[PDB]
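See below for the structure under consideration.
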Ligand SMILES: CC(=O)N[C@@H]1[C@@H](O)[C@H](O[C@H]2O[C@H](CO)[C@@H](O[C@@H]3O[C@H](CO)[C@@H](O[C@@H]4O[C@H](CO)[C@@H](O[C@@H]5O[C@H](CO)[C@@H](O)[C@H](O)[C@H]5NC(C)=O)[C@H](O)[C@H]4NC(C)=O)[C@H](O)[C@H]3NC(C)=O)[C@H](O)[C@H]2NC(C)=O)[C@@H](CO)O[C@H]1O
Ligand SMILES: *[C@@H]1O[C@H](CO)[C@@H](O[C@H]2O[C@H](CO)[C@@H](O)[C@H](O)[C@H]2NC(C)=O)[C@H](O)[C@H]1NC(C)=O
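In full-length UniProt numbering, the protein residues as written are 22 to 231, 233 to 383.
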């Protein structure tokens, strides 16, 4: 089983304990660590933060402690305009120029592969997304001829039925991609004003519409479309999505006036790192949707939907039963990486639970 863990560029800037460097990563925890995110300029892969070349190095020296560890760089991300990806992928000339610029870059910085996080291609991109994956892979095969190990190629895909129908030719890209990471946790889409869990496992028996929104449907749908199980990786979040209530109602359906207050370290409305949620729980009331098998908490007018150790062990058990390739975690720097925020003195509590269940067979 594979354990793909994302580490983000900008977590170095958080204050105090919030700050996280490649340093803090247990080399034996995951099988693959993906650095986010690389940028694109003058049509070539390129760096993003001034000090990336350094952190690139830091991350990749973990391979000295664990020689089996594989690292990848990710291009794209949500703060990267899809129009930009779209503009590069549509013109064979600008597309070829980018592809050709990738291998040398990965090799200089010691990465073992590239990860595509185009979020998200639209109806008019489906065809180009395919041209890009296909041609890029071909470039990796051709490059392995130089006598070095073939570079890996992966992609982060939307887990929403409509997004999948609109911009992905799943059957096509799965034959060229090494693994596909299902973004099964952006379900309660930023849009509406009703409390809801962003990463439910199951349908949530007590609800008629938007049954398409849960890990289970997404996974079954991908297999129906043609993605083989041995390349599917299910995304497990390590953060919580918060809300500022607009009434005293706290159960399913309750109204929402907007996103929740920022976390002390995370400084971003609507989300909270797991280690922040641990602190938050003190004095909070905890509930758990039996149907979807995921927890949620409230305190004051703040409602938080999140994942704890057992909801995470659950998804992991599920993924094994459907015989998928492994799990994907977003993200290491949001988990309790110091191990000093969540009761127990364990480091990376959430990612380990996934790893424990995965190591059982
Ligand atoms: C599978 C997959 O691909 N993942 C999906 C993700 O894309 C989803 O969301 C996540 O991605 C977005 C980015 O795409 C991420 O956005 C980040 O937001 C933060 C926090 O609000 C930004 O952090 C700030 O970054 C700037 C610079 O980049 C920092 O400023 C710098 O300051 C130093 C001095 O401090 C200077 O030396 C630098 O020059 C300087 N830059 C400037 C401004 O001059 C700043 O310190 C920092 N933090 C602060 C103040 O809080 C960060 O840049 C954004 N990311 C990028 C790469 O642009 C978003 O936070 C993230 N969401 C979560 C919850 O992780 C993900 C969401 O669910 O799921 C996947 O589907
Ligand atoms: C990512 O690459 C982009 C595009 O090359 C960089 O974009 C900006 O840089 C120019 C400065 O000379 C601006 O004139 C442009 O408005 C802008 N390019 C755009 C929007 O296409 C950007 O600096 C890079 N980002 C990082 C973190 O390096």
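We put the CB at the ideal spot given by N, CA and C, even for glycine.
Continuous alpha helix (DSSP H) stretch holding residue i: start and end
i	result
residue 293	No alpha helix (DSSP H) contains residue 293, which is instead part of the beta strand (DSSP E) from 293-295.
residue 205	Here residue 205 belongs to no alpha helix (DSSP H), and DSSP marks it neither H nor E.
residue 154	147-165
residue 378	371-381
residue 335	331-343
residue 230	Careful: residue 230 lies outside any alpha helix (DSSP H) and carries neither H nor E.
residue 184	182-188
Sequence-distant residues of its chain with Cβ nearer than 8 Å to residue i (five each side left out)
i	result
residue 361	367, 368, 369, 370, 371
residue 30	56, 57, 58, 69, 70, 73, 76
residue 152	110, 113, 116
Coil, strand or helix - residue i by DSSP
i	result
residue 289	coil
residue 70	coil
residue 247	helix
residue 215	strand
residue 272	coil
residue 314	coil
residue 354	helix
residue 361	coil
residue 24	strand
residue 76	helix
residue 169	coil
residue 347	coil
Whole-number beta carbon distance between residue j and residue i, since they are thought to touch under 8 Å
i	j	result
residue 325	residue 265	5 Å
residue 218	residue 334	Not a contact, Cβ separation roughly 14 Å.
residue 150	residue 110	7 Å
residue 348	residue 24	6 Å
residue 300	residue 261	The pair is not a contact, with the Cβ atoms about 12 Å apart (cut-off 8 Å).
residue 223	residue 314	5 Å
Residue-chain proximity (residue i, chain C), Cβ-Cβ < 8 Å
i	result
residue 374	Among the chains of the structure shown, chain C does not appear; only one protein chain is present.
Spatial neighbours of residue i in its chain, beta-carbon cut-off 7 Å, leaving aside the 5 residues before and after
i	result
residue 292	263, 264, 281, 282
residue 359	41, 45, 369, 370
residue 345	251
Residue i, enclosing beta strand (DSSP E) - first and last residue
i	result
residue 279	278-281
residue 309	307-311
residue 267	261-267
residue 195	Premise fails: residue 195 lies in the alpha helix (DSSP H), 191-197, not in any beta strand (DSSP E).
residue 177	173-179
residue 366	Premise fails: residue 366 is in no beta strand (DSSP E) and is neither H nor E.
residue 327	324-327
Residues near residue i in its chain [Cβ-Cβ closer than 6 Å; skip 5 each side]
i	result
residue 136	55, 93, 95, 175
residue 43	76, 79, 80
* Runs of beta strand (DSSP E) wholly within the region 27-65 (minimum 3 residues, chain order) -> Every beta strand (DSSP E) of 3 residues or more that sits fully in the region 27-65 is shown, in chain order, as 53-62.
* Of all the alpha helix (DSSP H) runs that stay within the bounds of the region 86-146, which reach a length of 4 or more residues? -> Segments of the alpha helix (DSSP H) lying fully in the region 86-146: 103-111, 113-129.
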